[PDB]
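Two separate entries follow, structure 1 and structure 2, each one form of the same protein chain as structure tokens.
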Structure 1
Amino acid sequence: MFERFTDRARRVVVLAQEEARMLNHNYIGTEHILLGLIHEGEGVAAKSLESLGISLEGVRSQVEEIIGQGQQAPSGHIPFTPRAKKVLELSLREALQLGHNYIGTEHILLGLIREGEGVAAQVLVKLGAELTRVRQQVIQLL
């Protein structure tokens, strides 16, 4: 499925894994995908989140509260949670439906919003960003 990602979308999921590693987490969850969308910094997703006041620090602090730092450094490559896999599958479906041949950062964020139930979704709400508007603020930047 990675063959369909833009270079920057690829960067998002690489950074998501890096963030999971830094937190001593054993899975790449939707929350790590969220962190990766922010870390990527340049894409429509990063800009949408920045413009809705959703910060790397805000997300990190919520993840620390909800999940917490793990004790032991995990392996090099960390598997996705089932919910994160579902978000990536939905990201493809967003892009297809919108007539886009590639999956960009925008589509990963749209996919996350569409799944709408994982840790990332919970964090976004705790930080006062209703998921509906994230969709709005996104497709608008588009």
Structure 2
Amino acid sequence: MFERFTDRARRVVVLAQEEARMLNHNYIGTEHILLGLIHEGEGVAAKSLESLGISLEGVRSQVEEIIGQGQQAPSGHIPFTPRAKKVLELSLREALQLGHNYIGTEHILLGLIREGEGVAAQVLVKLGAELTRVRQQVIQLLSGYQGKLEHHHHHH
């Protein structure tokens, strides 16, 4: 389903692998997806968090303090954890239920929160990014930006 991901959403996932590697973690968890979303920092999801009054630097630091750092260098391709797989699954579910036939950073954000149990959802909900509130913010930003913020895969 990655061929339906926007350029920024594909970049979030690519960066999530390097956020795990930089922390010596041989797994890509919900925490590293969120770190990669902050590192991308510019799409619909990032702007949605900012418009709710949430500090992206604060989110990043709180995630860091929880997860610490591993001991050994991960080589090669780092695997998604089962909860990160659920995030990706719920990103597709959230897009389809919004009437969307693509997957953007906004759907990754909604999937992180709808997954609920992982470090990402714990940090985001604490800071006020409750799922309903985030989804309504996302819809407002998609209207405001009129398709001009996040290019869809090979899209006109």
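Only residues modelled in both forms are compared. C-alpha atoms forming the largest set that superposes within 1.5 Å between two forms make up the rigid core. When a residue number appears, read it as a position in the sequence of structure 1, where counting begins at 1.
K.L.:
Hey, after the core superposition between structures 1 and 2, which of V63, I113, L90, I38 has the C-alpha moving 2 angstroms or more?
P.N.:
Once the cores are aligned, the residue moving by 2 Å or more is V63.
K.L.:
Hey, does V13 budge by 2 Å or more at the Cα between structures 1 and 2 once the core is superposed?
P.N.:
The answer is no, as the C-alpha of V13 shifts between structures 1 and 2 by less than 2 Å after core alignment.
K.L.:
Examine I28 after superposing the rigid core and state whether its CA is displaced by 2 Å or more between structures 1 and 2.
P.N.:
It does not reach a 2 Å shift.
K.L.:
After superposition on the rigid core, does the Cα atom of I78 shift by at least 2 Å between structures 1 and 2?
P.N.:
Stays below the 2 Å threshold, so no.
K.L.:
Aligning on the rigid core, what is the distance the CA of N101 moves between structures 1 and 2, in angstrom?
P.N.:
Displacement of the alpha carbon, after core fit: 0.8 Å.
K.L.:
What's the distance in angstrom the Cα of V134 travels between structures 1 and 2, core superposed?
P.N.:
Displacement of the alpha carbon, after core fit: 3.8 Å.
K.L.:
Supposing the core is put in the same place in both forms, how far has the CA of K47 shifted between structures 1 and 2, in Å?
P.N.:
The alpha-carbon displacement, core-superposed, is 1.9 Å.
K.L.:
Are there runs of at least three residues between structures 1 and 2 whose C-alphas all move 2 Å or more relative to the rigid core, and where are they?
P.N.:
The segments that shift (3 or more residues, C-alpha shift of 2 Å or more) are 48-68, 122-142.
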